[PDB]
Amino acid sequence: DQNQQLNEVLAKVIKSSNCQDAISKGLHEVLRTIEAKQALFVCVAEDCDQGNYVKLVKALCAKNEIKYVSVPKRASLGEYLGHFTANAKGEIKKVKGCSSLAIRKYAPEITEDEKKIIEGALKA
Amino acid sequence: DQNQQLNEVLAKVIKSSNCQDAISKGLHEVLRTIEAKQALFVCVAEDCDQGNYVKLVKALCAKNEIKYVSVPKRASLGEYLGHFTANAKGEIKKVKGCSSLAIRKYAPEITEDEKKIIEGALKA
Amino acid sequence: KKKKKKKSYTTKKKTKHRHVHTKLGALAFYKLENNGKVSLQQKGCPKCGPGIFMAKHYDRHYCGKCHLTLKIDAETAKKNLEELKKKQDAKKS
Amino acid sequence: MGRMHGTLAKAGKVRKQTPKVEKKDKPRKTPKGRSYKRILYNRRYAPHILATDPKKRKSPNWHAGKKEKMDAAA
Amino acid sequence: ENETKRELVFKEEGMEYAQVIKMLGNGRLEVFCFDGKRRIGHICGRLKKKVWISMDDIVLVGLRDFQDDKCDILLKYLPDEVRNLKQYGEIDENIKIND
Amino acid sequence: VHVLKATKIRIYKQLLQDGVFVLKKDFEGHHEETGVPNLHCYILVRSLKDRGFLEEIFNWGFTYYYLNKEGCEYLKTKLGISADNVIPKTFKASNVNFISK
Amino acid sequence: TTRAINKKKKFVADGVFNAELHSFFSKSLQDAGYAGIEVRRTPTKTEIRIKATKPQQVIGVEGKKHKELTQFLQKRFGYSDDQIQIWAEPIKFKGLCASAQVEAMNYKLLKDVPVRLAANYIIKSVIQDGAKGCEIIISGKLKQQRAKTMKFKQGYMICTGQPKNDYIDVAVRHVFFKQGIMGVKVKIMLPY
Amino acid sequence: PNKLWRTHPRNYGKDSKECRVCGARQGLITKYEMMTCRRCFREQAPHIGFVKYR
RNA sequence: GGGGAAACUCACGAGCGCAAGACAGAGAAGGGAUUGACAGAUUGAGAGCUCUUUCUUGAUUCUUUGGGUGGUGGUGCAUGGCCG
Ligand SMILES: [Mg+2]
Ligand SMILES: [Mg+2]
Ligand SMILES: [Mg+2]
Ligand SMILES: [Zn+2]
Ligand SMILES: [Zn+2]
C-alpha cells in the first residue's frame with residue numbers, strides 16, 4: 001500500500017491549493033517557484049523520461065532549501081491536479097500526466113494533524 | 001462500488017488460472033469448455049454487440065450446469081486476462097476486450113476465504 | 001437607400017505571431033555537475049533574479065517580466081551577430 | 001425579389017425537390033371490414049360520447065399529433 | 001438611387017442572357033437572345049410585381065425545354081450589373097445600354 | 001484577453017457570498033463593489049448565464065444577475081473545500097414576513 | 001449633510017430615481033401583478049412600498065425574490081443594510097388595477113386562448129369589481145401578416161378632459177409571439 | 001494589446017454623455033442634470049413627476 | 001429627424017487593431033494550451049501590427065464540427081410604442 005493517508009492528504013492538498021491560486025504546475029513554473037523560494041513543498045513524478053527533469057528538480061530542492069515527495073506515477077499527478085477529461089457517466093478517462101508540482105502556499109482548511117502527516121513524507 | 005473484493009478476487013483468479021494452463025478464452029473456446037463440463041465457473045462481459053453472445057452463453061451455463069458472473073465492461077476482462085499492450089513507463093494502454101472466459105480449474109494458491117467469496121457472486 | 005459594397009482587397013493578408021515554445025526547454029537554463037551542484041548558465045534579472053532568467057539576444061539582455069534591457073559592449077554584439085548569422089545561413093539552406 | 005436559382009417552367013421541379021420521407025412502419029395493423037366500423041362507432045357514436053354535451057362534442061380529427069392524445073387521456 | 005445590392009447572377013444552365021427588342025403587351029415581349037435566337041418572352045409573376053421592364057433593357061431569361069420559341073423573363077439587370085457583366089466577360093462588349 | 005485566476009476566484013467568491021451580481025455596461029469602467037475591470041466580469045458572468053446557473057434582467061444600462069441552485073453546485077466545484085459551508089445570502093431563508101396591510 | 005444639492009437638480013434627480021425603480025420593478029417583477037411603487041426617504045432609510053396584486057410572488061419562497069431584489073438595489077446604488085427597506089403592499093381590488101389586468105390578458109393570450117373570449121373575461125372581471133366601464137385595445141398582426149386593431153368596450157368611458165387623468169387608469173404591454181410583437185392596452189375608468 | 005481601444009478623448013461634446021435609459025447620444029436633455037433623450041423623457045415624464053398643465 | 005458634424009458624434013470614404021468566436025461534441029494540451037514584451041527593421045502611429053529576436057506567462061484555453069453574443073445593415077407594405 002502506498003499508505004492511503006499519504007495519497008489522500010496529497011490529494012486534498014493539491015486540490016485545495018489548486019482551487020486557491022497558490023499551486024504551481026510545470027517545469028518552467030516549478031523552476032522559478034523553487035528558485036524564488038516561494039514553494040513551501042514540492043512533488044516529483046518518478047516515472048518519466050529525461051534524466052534531467054528528476055535530477056535537476058531534486059537537486060534544486062536541495063540547492064536552495066525545499067522538501068520533496070516522490071510519487072510513482074504521473075497520471076496520478078494529473079488526476080490530483082484535477083487535470084482529467086471527464087465522461088458524462090462521471091468516469092475519468094483522459095489524464096495528462098504531470099512531472100513536477102510546486103505548492104506556493106497552503107489553504108487554511110488544512111488540518112493540523114494532516115499537516116503533521118505531510119511533514120513525515122517530505123524527506124530531502 | 002463494484003465491491004473491490006469481487007474485482008480483486010476475480011483479478012487474482014483470472015491471473016492465477018492464466019499463469020497455469022487451465023483458463024480458457026473465447027467464444028469457441030468457452031463453448032466447448034462449457035459443453036464438456038470442464039468449466040468450473042464462467043465470466044460474461046455485459047456490454048458487447050451481438051444479442052446472441054450473451055444469450056447463448058448464459059443459456060449454455062444454465063443448460064448443462066454452470067455458475068456465471070457478470071462483468072460490466074470488456075476492457076476489464078482483457079486486463080484481467082493480462083491482455084494489454086504495456087508502455088515502457090509501466091502504463092497499460094491498448095486493451096483488447098474479451099466477451100466470455102471459462103476457468104477450467106483453480107490454482108492451489110487460492111485461499112479458502114477467497115473461494116468462499118467467489119461463491120457468492122456466482123448466481124445462475 | 002445605400003448598401004454595403006462587396007469587399008475589395010488592396011494589400012496582401014498578414015499573419016500573426018504564433019508562440020515559439022521549445023519543449024521541455026526550461027532545462028536549458030540549469031546544468032549539473034557530479035557533486036550535484038546547481039549551475040546557472042543563463043543570466044538572471046537583477047530585479048527579478050532568483051527564478052527568472054533574462055534573454056540573451058546578441059546585443060541585449062532582456063527580461064520577460066520587467067522588460068529590463070541591458071545593452072552589451074558592441075564587440076561582443078558584432079561577434080555574436082556574425083556567428084548567429086553564419087549559422088542561420090547554414091540551417092535555412 | 002433577388003432570390004432565384006432554378007429555371008422557371010422546368011417540368012418536375014417541386015416534386016423532384018421534395019425530400020423523400022418514408023411512411024412509418026405500423027405496429028400491428030388497421031382492422032379491415034366490420035371491425036373497423038365497430039372502432040368508429042366506439043370512438044364516435046358510442047353511449048359516452050352521446051352523453052356529453054352535443055354542442056361541446058369534440059371533432060373527430062382535432063388531434064394530428066400524439067401530445068394531445070396524451071392530453072386527451074389525462 | 002438603387003435597390004439593395006445583391007450578387008449579379010450569371011446565366012445558369014437552362015437560361016440565357018437577353019436584350020429587349022419590342023413591346024407586345026399582356027406582359028409579353030420579343031427578346032434577342034445571346035443564344036443567337038429571337039424569342040417571345042413572358043414576364044414572371046414575380047417581375048410583374050416588382051421590376052418594370054422596358055425597351056433595350058438587359059434581362060436574364062429562363063428557357064423552356066420543349067418550346068424553344070417561348071422563354072420566360074426571369075430578372076432585369078441594373079445598368080451597373082450590366083457594365084459589370086461586360087467587365088467579367090459574360091456578354092459582348094459592344095451592346096447598347098440606355099439610361 | 002486573459003481573466004486571471006484570482007480575478008475568477010474573487011468574483012465567484014463574491015457571487016456565492018452574495019448570491020446576486022450587478023454590471024453596468026461600459027467595458028471600460030470597474031465594477032463598483034468588487035472593484036474589478038468590467039470586461040473580465042462580463043466574461044465570467046457571460047459564461048455563467050450561458051450555462052444556466054445565472055438569470056439575467058436588464059435596466060437602464062445595468063444588467064442584473066441572480067443565482068440559481070445549479071449555481072451553488074458550480075461554485076462548490078470550482079472553489080472546492082471552502083464552499084462546503086456556505087449558502088448565499090439569497091438562499092438563506094428570511095424568517096419574517098414583509099407584507100403589510 | 002452629504003452634499004448641498006440644487007433643490008431643482010435634487011428634485012429632478014429624485015424623480016429620475018423613482019422612474020429607474022419603476023422600470024426596474026416592472027421589468028424584474030413581471031409575473032406577479034405589479035402596480036405601483038411608493039418611496040419614503042429618511043436620513044436613516046429608504047422605504048419602498050411595492051403595491052402589487054400577488055405580494056406572494058414578490059416575497060417568493062421565503063424571500064428568494066425579496067432578498068434578491070433588496071440585494072439588487074444594494075449593489076446598484078450602494079446602500080447600507082439598514083438603509084434599504086422593501087415592503088410589499090396588497091392592492092385590495094385587482095379589478096381596479098390596469099397593469100394587473102393587462103398582465104392577465106398577456107398571460108391568457110400566451111396560452112393561445114382566443115381574443116374576444118379573453119377580452120370578455122377580463123372586462124367582465126373589471127366590471128364585476130365595480131369599475132364603471134372598461135376598454136381594451138389589441139393592435140398588431142392578429143389574423144394575418146397585415147396589421148389589425150381591435151377595440152373592446154363595455155360600460156362607461158371618458159377620454160377627454162382633466163377627469164381623464166383622474167378616473168381613467170391605463171396600462172400597456174408588449175406581448176411576444178413567433179410572429180412578432182403584438183400589443184395591448186387596458187383602460188379602466190374607475191368608480192367614484 | 002488592445003491598448004489603443006477607446007483611447008480618443010470623450011471628455012466633452014456629444015460623446016461625453018448619453019441617455020441613462022436608452023443610451024442615445026442624440027437630442028439628449030441635460031437641463032436639470034437628468035440625462036434623458038427627448039423620447040425616453042417623454043415616456044418617463046409622469047414617473048419623474050413632470051406634468052403637462054399647458 | 002432637437003439634424004448648430006472640426007475629433008468623437010457616424011451610418012460614408014482610405015489604411016490599420018482587437019474579440020468582448022459564449023455554450024456543447026471531437027481532437028490537442030501540464031514534458032504546455034495561450035498572454036505579454038524590450039531592441040532592430042516596420043508603420044501614419046512607443047499598433048508586439050508584422051519580421052528577426054528570445055524571455056516571460058501557466059488554463060484565463062488552440063484546431064476543427066456545430067452554434068451564440070454583436071450589428072446606426074434591409075424591410076413602416078411584416079409589427080408594437082409613440083407621432084403627424
Ligand atoms: Mg447635414
Ligand atoms: Mg440578434
Ligand atoms: Mg458599426
Ligand atoms: Zn526582470
Ligand atoms: Zn433615451
# chains A, B, ... in the order shown; residues from 1 in each chain; ligands from 1

call {"tool": "select_by_dssp", "arguments": {"residues": "chain A", "states": "helix (DSSP H, G or I)", "output": "PyMOL selection string"}}
result
chain A and resi 4-19+27-35+51-63+74-80+112-121

call {"tool": "residues_around", "arguments": {"residues": "range 59-73 of chain D", "least_positions_apart": "4", "cutoff": "10 Å", "atoms": "only C-alpha atoms (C1' of nucleotides)", "output": "list in words"}}
result
residues 40, 43 and 44 of chain D

call {"tool": "residues_near_ligand", "arguments": {"ligand": "ligand 4", "cutoff": "9 Å", "atoms": "only C-alpha atoms (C1' of nucleotides) and all ligand atoms", "output": "PDB file with N, CA, C and O atoms, in the first residue's frame"}}
result
ATOM      1  N   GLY C  44      20.311  35.864 -14.795  1.00  0.00           N
ATOM      2  CA  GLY C  44      19.126  36.270 -14.056  1.00  0.00           C
ATOM      3  C   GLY C  44      18.981  37.780 -13.962  1.00  0.00           C
ATOM      4  O   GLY C  44      19.966  38.516 -14.022  1.00  0.00           O
ATOM      5  N   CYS C  45      17.746  38.242 -13.796  1.00  0.00           N
ATOM      6  CA  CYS C  45      17.441  39.671 -13.818  1.00  0.00           C
ATOM      7  C   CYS C  45      17.596  40.335 -12.454  1.00  0.00           C
ATOM      8  O   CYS C  45      16.896  39.980 -11.518  1.00  0.00           O
ATOM      9  N   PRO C  46      18.477  41.343 -12.354  1.00  0.00           N
ATOM     10  CA  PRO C  46      18.801  41.994 -11.076  1.00  0.00           C
ATOM     11  C   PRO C  46      17.583  42.368 -10.224  1.00  0.00           C
ATOM     12  O   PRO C  46      17.670  42.318  -8.997  1.00  0.00           O
ATOM     13  N   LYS C  47      16.471  42.734 -10.853  1.00  0.00           N
ATOM     14  CA  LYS C  47      15.235  42.999 -10.115  1.00  0.00           C
ATOM     15  C   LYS C  47      14.434  41.728  -9.794  1.00  0.00           C
ATOM     16  O   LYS C  47      13.903  41.576  -8.694  1.00  0.00           O
ATOM     17  N   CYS C  48      14.349  40.833 -10.774  1.00  0.00           N
ATOM     18  CA  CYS C  48      13.553  39.602 -10.690  1.00  0.00           C
ATOM     19  C   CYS C  48      14.345  38.333 -10.318  1.00  0.00           C
ATOM     20  O   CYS C  48      13.803  37.227 -10.342  1.00  0.00           O
ATOM     21  N   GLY C  49      15.616  38.508  -9.966  1.00  0.00           N
ATOM     22  CA  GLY C  49      16.660  37.488 -10.066  1.00  0.00           C
ATOM     23  C   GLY C  49      16.638  36.023  -9.653  1.00  0.00           C
ATOM     24  O   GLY C  49      17.317  35.224 -10.300  1.00  0.00           O
ATOM     25  N   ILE C  52      13.859  33.978 -12.315  1.00  0.00           N
ATOM     26  CA  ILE C  52      13.581  34.470 -13.657  1.00  0.00           C
ATOM     27  C   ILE C  52      14.871  34.733 -14.415  1.00  0.00           C
ATOM     28  O   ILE C  52      15.784  35.378 -13.905  1.00  0.00           O
ATOM     29  N   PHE C  53      14.940  34.219 -15.636  1.00  0.00           N
ATOM     30  CA  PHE C  53      16.138  34.347 -16.446  1.00  0.00           C
ATOM     31  C   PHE C  53      15.937  35.372 -17.543  1.00  0.00           C
ATOM     32  O   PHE C  53      14.873  35.439 -18.157  1.00  0.00           O
ATOM     33  N   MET C  54      16.962  36.178 -17.788  1.00  0.00           N
ATOM     34  CA  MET C  54      16.883  37.148 -18.860  1.00  0.00           C
ATOM     35  C   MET C  54      17.125  36.460 -20.191  1.00  0.00           C
ATOM     36  O   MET C  54      17.443  35.272 -20.253  1.00  0.00           O
ATOM     37  N   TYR C  62      17.403  40.844 -21.996  1.00  0.00           N
ATOM     38  CA  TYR C  62      16.016  41.294 -21.875  1.00  0.00           C
ATOM     39  C   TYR C  62      15.147  40.468 -20.927  1.00  0.00           C
ATOM     40  O   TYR C  62      15.036  39.261 -21.069  1.00  0.00           O
ATOM     41  N   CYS C  63      14.511  41.136 -19.972  1.00  0.00           N
ATOM     42  CA  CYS C  63      13.656  40.440 -19.017  1.00  0.00           C
ATOM     43  C   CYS C  63      12.228  40.288 -19.539  1.00  0.00           C
ATOM     44  O   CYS C  63      11.597  41.259 -19.948  1.00  0.00           O
ATOM     45  N   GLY C  64      11.721  39.060 -19.519  1.00  0.00           N
ATOM     46  CA  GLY C  64      10.366  38.794 -19.968  1.00  0.00           C
ATOM     47  C   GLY C  64       9.334  39.356 -19.012  1.00  0.00           C
ATOM     48  O   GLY C  64       8.160  39.502 -19.357  1.00  0.00           O
ATOM     49  N   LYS C  65       9.773  39.675 -17.800  1.00  0.00           N
ATOM     50  CA  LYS C  65       8.872  40.215 -16.792  1.00  0.00           C
ATOM     51  C   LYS C  65       8.916  41.737 -16.733  1.00  0.00           C
ATOM     52  O   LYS C  65       7.935  42.408 -17.054  1.00  0.00           O
ATOM     53  N   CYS C  66      10.056  42.279 -16.323  1.00  0.00           N
ATOM     54  CA  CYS C  66      10.171  43.716 -16.106  1.00  0.00           C
ATOM     55  C   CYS C  66      10.708  44.462 -17.323  1.00  0.00           C
ATOM     56  O   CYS C  66      10.972  45.663 -17.250  1.00  0.00           O
ATOM     57  N   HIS C  67      10.887  43.737 -18.426  1.00  0.00           N
ATOM     58  CA  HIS C  67      11.355  44.322 -19.682  1.00  0.00           C
ATOM     59  C   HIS C  67      12.698  45.018 -19.513  1.00  0.00           C
ATOM     60  O   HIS C  67      12.984  46.009 -20.183  1.00  0.00           O
ATOM     61  N   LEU C  68      13.515  44.500 -18.604  1.00  0.00           N
ATOM     62  CA  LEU C  68      14.831  45.068 -18.363  1.00  0.00           C
ATOM     63  C   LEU C  68      15.682  44.923 -19.616  1.00  0.00           C
ATOM     64  O   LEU C  68      15.701  43.869 -20.239  1.00  0.00           O
ATOM     65  N   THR C  69      16.380  45.985 -19.987  1.00  0.00           N
ATOM     66  CA  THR C  69      17.233  45.938 -21.159  1.00  0.00           C
ATOM     67  C   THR C  69      18.647  46.287 -20.746  1.00  0.00           C
ATOM     68  O   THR C  69      18.893  47.367 -20.220  1.00  0.00           O
TER      69      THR C  69
END

call {"tool": "residues_near_ligand", "arguments": {"ligand": "ligand 1", "cutoff": "12 Å", "atoms": "only C-alpha atoms (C1' of nucleotides) and all ligand atoms", "output": "ChimeraX atom specification"}}
result
/I:1,3-5

call {"tool": "closest_residue", "arguments": {"among": "A:31, A:26, A:108, A:123", "to": "residue 51 in chain C", "atoms": "only C-alpha atoms"}}
result
A:31

call {"tool": "residues_around", "arguments": {"residues": "residue 54 in chain E", "least_positions_apart": "6", "cutoff": "12 Å", "atoms": "only C-alpha atoms (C1' of nucleotides)", "output": "PyMOL selection string"}}
result
chain E and resi 19-25+27-31+43+48+73+76-77+97-99

call {"tool": "residues_near_ligand", "arguments": {"ligand": "ligand 3", "cutoff": "12 Å", "atoms": "only C-alpha atoms (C1' of nucleotides) and all ligand atoms", "output": "PyMOL selection string"}}
result
(chain C and resi 4) or (chain I and resi 10-12+70-73)

call {"tool": "write_last_selection", "arguments": {"atoms": "C-alpha atoms (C1' of nucleotides)", "output": "PDB file, in the first residue's frame"}}
result
ATOM      1  CA  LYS C   4     -22.520  47.993 -48.437  1.00  0.00           C
TER       2      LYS C   4
ATOM      3  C1'   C I  10     -21.168  58.312 -37.640  1.00  0.00           C
ATOM      4  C1'   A I  11     -24.085  55.377 -40.604  1.00  0.00           C
ATOM      5  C1'   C I  12     -19.793  57.488 -45.750  1.00  0.00           C
ATOM      6  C1'   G I  70     -22.896  41.950 -31.632  1.00  0.00           C
ATOM      7  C1'   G I  71     -24.807  44.810 -35.839  1.00  0.00           C
ATOM      8  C1'   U I  72     -26.707  53.408 -36.980  1.00  0.00           C
ATOM      9  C1'   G I  73     -27.261  46.584 -42.081  1.00  0.00           C
TER      10        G I  73
END

call {"tool": "closest_atom_pairs", "arguments": {"of": "chain F", "to": "range 27-44 of chain I", "cutoff": "12 Å", "atoms": "only C-alpha atoms (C1' of nucleotides)", "output": "CSV"}}
result
residue,atom,partner,partner_atom,distance
F:1,CA,I:35,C1',7.1
F:2,CA,I:35,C1',6.6
F:3,CA,I:35,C1',10.0
F:4,CA,I:35,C1',10.3

call {"tool": "residues_near_ligand", "arguments": {"ligand": "ligand 5", "cutoff": "12 Å", "atoms": "only C-alpha atoms (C1' of nucleotides) and all ligand atoms", "output": "PDB file with N, CA, C and O atoms, in the first residue's frame"}}
result
ATOM      1  N   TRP F  60     -31.816  50.164 -17.570  1.00  0.00           N
ATOM      2  CA  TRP F  60     -31.083  51.433 -17.703  1.00  0.00           C
ATOM      3  C   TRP F  60     -29.557  51.304 -17.638  1.00  0.00           C
ATOM      4  O   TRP F  60     -28.923  51.810 -16.713  1.00  0.00           O
ATOM      5  N   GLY F  61     -28.978  50.624 -18.619  1.00  0.00           N
ATOM      6  CA  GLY F  61     -27.538  50.450 -18.674  1.00  0.00           C
ATOM      7  C   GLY F  61     -26.950  49.442 -17.696  1.00  0.00           C
ATOM      8  O   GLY F  61     -25.736  49.237 -17.677  1.00  0.00           O
TER       9      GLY F  61
ATOM     10  N   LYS H  17     -21.534  62.020 -22.975  1.00  0.00           N
ATOM     11  CA  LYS H  17     -22.788  61.770 -22.292  1.00  0.00           C
ATOM     12  C   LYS H  17     -23.636  60.762 -23.044  1.00  0.00           C
ATOM     13  O   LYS H  17     -23.263  60.320 -24.126  1.00  0.00           O
ATOM     14  N   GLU H  18     -24.790  60.436 -22.466  1.00  0.00           N
ATOM     15  CA  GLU H  18     -25.770  59.545 -23.080  1.00  0.00           C
ATOM     16  C   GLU H  18     -27.008  59.444 -22.202  1.00  0.00           C
ATOM     17  O   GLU H  18     -26.978  59.777 -21.015  1.00  0.00           O
ATOM     18  N   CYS H  19     -28.097  58.977 -22.800  1.00  0.00           N
ATOM     19  CA  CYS H  19     -29.345  58.766 -22.087  1.00  0.00           C
ATOM     20  C   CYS H  19     -29.108  57.654 -21.082  1.00  0.00           C
ATOM     21  O   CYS H  19     -28.534  56.625 -21.434  1.00  0.00           O
ATOM     22  N   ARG H  20     -29.513  57.859 -19.831  1.00  0.00           N
ATOM     23  CA  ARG H  20     -29.378  56.800 -18.832  1.00  0.00           C
ATOM     24  C   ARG H  20     -30.233  55.585 -19.220  1.00  0.00           C
ATOM     25  O   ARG H  20     -29.804  54.437 -19.084  1.00  0.00           O
ATOM     26  N   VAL H  21     -31.425  55.854 -19.744  1.00  0.00           N
ATOM     27  CA  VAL H  21     -32.351  54.801 -20.139  1.00  0.00           C
ATOM     28  C   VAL H  21     -31.913  54.116 -21.424  1.00  0.00           C
ATOM     29  O   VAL H  21     -31.463  52.971 -21.400  1.00  0.00           O
ATOM     30  N   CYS H  22     -32.021  54.830 -22.543  1.00  0.00           N
ATOM     31  CA  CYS H  22     -31.851  54.226 -23.867  1.00  0.00           C
ATOM     32  C   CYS H  22     -30.461  54.388 -24.480  1.00  0.00           C
ATOM     33  O   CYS H  22     -30.213  53.907 -25.583  1.00  0.00           O
ATOM     34  N   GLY H  23     -29.571  55.087 -23.788  1.00  0.00           N
ATOM     35  CA  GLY H  23     -28.207  55.228 -24.258  1.00  0.00           C
ATOM     36  C   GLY H  23     -28.056  55.931 -25.596  1.00  0.00           C
ATOM     37  O   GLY H  23     -27.088  55.693 -26.319  1.00  0.00           O
ATOM     38  N   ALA H  24     -29.015  56.786 -25.936  1.00  0.00           N
ATOM     39  CA  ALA H  24     -28.890  57.615 -27.134  1.00  0.00           C
ATOM     40  C   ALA H  24     -28.013  58.820 -26.830  1.00  0.00           C
ATOM     41  O   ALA H  24     -27.992  59.310 -25.704  1.00  0.00           O
ATOM     42  N   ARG H  25     -27.251  59.262 -27.822  1.00  0.00           N
ATOM     43  CA  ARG H  25     -26.443  60.466 -27.686  1.00  0.00           C
ATOM     44  C   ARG H  25     -27.148  61.696 -28.245  1.00  0.00           C
ATOM     45  O   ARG H  25     -26.715  62.825 -28.021  1.00  0.00           O
ATOM     46  N   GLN H  26     -28.250  61.464 -28.954  1.00  0.00           N
ATOM     47  CA  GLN H  26     -28.852  62.476 -29.820  1.00  0.00           C
ATOM     48  C   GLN H  26     -30.067  63.157 -29.209  1.00  0.00           C
ATOM     49  O   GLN H  26     -31.020  62.496 -28.799  1.00  0.00           O
ATOM     50  N   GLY H  27     -30.037  64.486 -29.165  1.00  0.00           N
ATOM     51  CA  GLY H  27     -31.124  65.250 -28.576  1.00  0.00           C
ATOM     52  C   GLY H  27     -31.285  64.905 -27.111  1.00  0.00           C
ATOM     53  O   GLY H  27     -32.402  64.725 -26.617  1.00  0.00           O
ATOM     54  N   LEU H  28     -30.155  64.800 -26.422  1.00  0.00           N
ATOM     55  CA  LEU H  28     -30.144  64.462 -25.010  1.00  0.00           C
ATOM     56  C   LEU H  28     -30.617  65.666 -24.201  1.00  0.00           C
ATOM     57  O   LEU H  28     -30.302  66.801 -24.542  1.00  0.00           O
ATOM     58  N   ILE H  29     -31.391  65.424 -23.147  1.00  0.00           N
ATOM     59  CA  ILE H  29     -31.833  66.505 -22.279  1.00  0.00           C
ATOM     60  C   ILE H  29     -30.958  66.501 -21.041  1.00  0.00           C
ATOM     61  O   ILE H  29     -31.007  65.580 -20.221  1.00  0.00           O
ATOM     62  N   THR H  30     -30.095  67.513 -20.965  1.00  0.00           N
ATOM     63  CA  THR H  30     -29.140  67.685 -19.859  1.00  0.00           C
ATOM     64  C   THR H  30     -29.575  68.711 -18.803  1.00  0.00           C
ATOM     65  O   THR H  30     -28.875  68.931 -17.822  1.00  0.00           O
ATOM     66  N   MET H  34     -30.603  65.640 -15.811  1.00  0.00           N
ATOM     67  CA  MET H  34     -31.412  64.427 -15.866  1.00  0.00           C
ATOM     68  C   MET H  34     -31.061  63.432 -16.978  1.00  0.00           C
ATOM     69  O   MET H  34     -31.630  62.341 -17.026  1.00  0.00           O
ATOM     70  N   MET H  35     -30.143  63.805 -17.864  1.00  0.00           N
ATOM     71  CA  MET H  35     -29.522  62.860 -18.799  1.00  0.00           C
ATOM     72  C   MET H  35     -30.456  61.878 -19.509  1.00  0.00           C
ATOM     73  O   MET H  35     -30.223  60.669 -19.501  1.00  0.00           O
ATOM     74  N   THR H  36     -31.512  62.407 -20.115  1.00  0.00           N
ATOM     75  CA  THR H  36     -32.531  61.581 -20.750  1.00  0.00           C
ATOM     76  C   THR H  36     -32.866  62.115 -22.138  1.00  0.00           C
ATOM     77  O   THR H  36     -33.151  63.298 -22.286  1.00  0.00           O
ATOM     78  N   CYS H  37     -32.844  61.259 -23.155  1.00  0.00           N
ATOM     79  CA  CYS H  37     -33.149  61.717 -24.515  1.00  0.00           C
ATOM     80  C   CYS H  37     -34.610  62.144 -24.591  1.00  0.00           C
ATOM     81  O   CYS H  37     -35.411  61.757 -23.740  1.00  0.00           O
ATOM     82  N   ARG H  38     -34.951  62.948 -25.596  1.00  0.00           N
ATOM     83  CA  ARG H  38     -36.295  63.518 -25.685  1.00  0.00           C
ATOM     84  C   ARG H  38     -37.414  62.473 -25.679  1.00  0.00           C
ATOM     85  O   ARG H  38     -38.443  62.669 -25.032  1.00  0.00           O
ATOM     86  N   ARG H  39     -37.212  61.364 -26.384  1.00  0.00           N
ATOM     87  CA  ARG H  39     -38.230  60.322 -26.462  1.00  0.00           C
ATOM     88  C   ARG H  39     -38.366  59.632 -25.114  1.00  0.00           C
ATOM     89  O   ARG H  39     -39.467  59.542 -24.545  1.00  0.00           O
ATOM     90  N   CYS H  40     -37.237  59.161 -24.596  1.00  0.00           N
ATOM     91  CA  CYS H  40     -37.216  58.498 -23.300  1.00  0.00           C
ATOM     92  C   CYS H  40     -37.816  59.384 -22.227  1.00  0.00           C
ATOM     93  O   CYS H  40     -38.590  58.905 -21.405  1.00  0.00           O
ATOM     94  N   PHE H  41     -37.461  60.670 -22.245  1.00  0.00           N
ATOM     95  CA  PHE H  41     -38.033  61.618 -21.301  1.00  0.00           C
ATOM     96  C   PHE H  41     -39.539  61.642 -21.461  1.00  0.00           C
ATOM     97  O   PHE H  41     -40.274  61.524 -20.484  1.00  0.00           O
ATOM     98  N   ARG H  42     -39.994  61.815 -22.695  1.00  0.00           N
ATOM     99  CA  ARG H  42     -41.419  61.902 -22.963  1.00  0.00           C
ATOM    100  C   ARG H  42     -42.140  60.714 -22.368  1.00  0.00           C
ATOM    101  O   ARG H  42     -43.270  60.835 -21.899  1.00  0.00           O
ATOM    102  N   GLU H  43     -41.474  59.565 -22.377  1.00  0.00           N
ATOM    103  CA  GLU H  43     -42.037  58.364 -21.755  1.00  0.00           C
ATOM    104  C   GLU H  43     -42.020  58.392 -20.219  1.00  0.00           C
ATOM    105  O   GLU H  43     -43.062  58.234 -19.587  1.00  0.00           O
ATOM    106  N   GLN H  44     -40.849  58.628 -19.631  1.00  0.00           N
ATOM    107  CA  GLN H  44     -40.696  58.573 -18.182  1.00  0.00           C
ATOM    108  C   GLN H  44     -41.382  59.731 -17.484  1.00  0.00           C
ATOM    109  O   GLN H  44     -41.616  59.682 -16.278  1.00  0.00           O
ATOM    110  N   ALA H  45     -41.700  60.765 -18.249  1.00  0.00           N
ATOM    111  CA  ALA H  45     -42.122  62.049 -17.701  1.00  0.00           C
ATOM    112  C   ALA H  45     -43.125  61.991 -16.542  1.00  0.00           C
ATOM    113  O   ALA H  45     -42.948  62.682 -15.545  1.00  0.00           O
TER     114      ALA H  45
END

call {"tool": "atom_distance", "arguments": {"atom1": "CA of residue 18 in chain D", "atom2": "CA of residue 74 in chain E"}}
result
22.9 Å

call {"tool": "residues_around", "arguments": {"residues": "residue 47 in chain H", "least_positions_apart": "4", "cutoff": "10 Å", "atoms": "only C-alpha atoms (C1' of nucleotides)", "output": "list in words"}}
result
residues 15, 16, 17, 18, 19, 20, 21, 22 and 23 of chain G; 41, 43 and 51 of chain H

call {"tool": "interface_residues", "arguments": {"of": "chain C", "to": "chain E", "cutoff": "10 Å", "atoms": "only C-alpha atoms", "output": "ChimeraX atom specification"}}
result
/C:1-6

call {"tool": "atom_distance", "arguments": {"atom1": "CA of residue 34 in chain F", "atom2": "CA of residue 77 in chain F"}}
result
21.5 Å
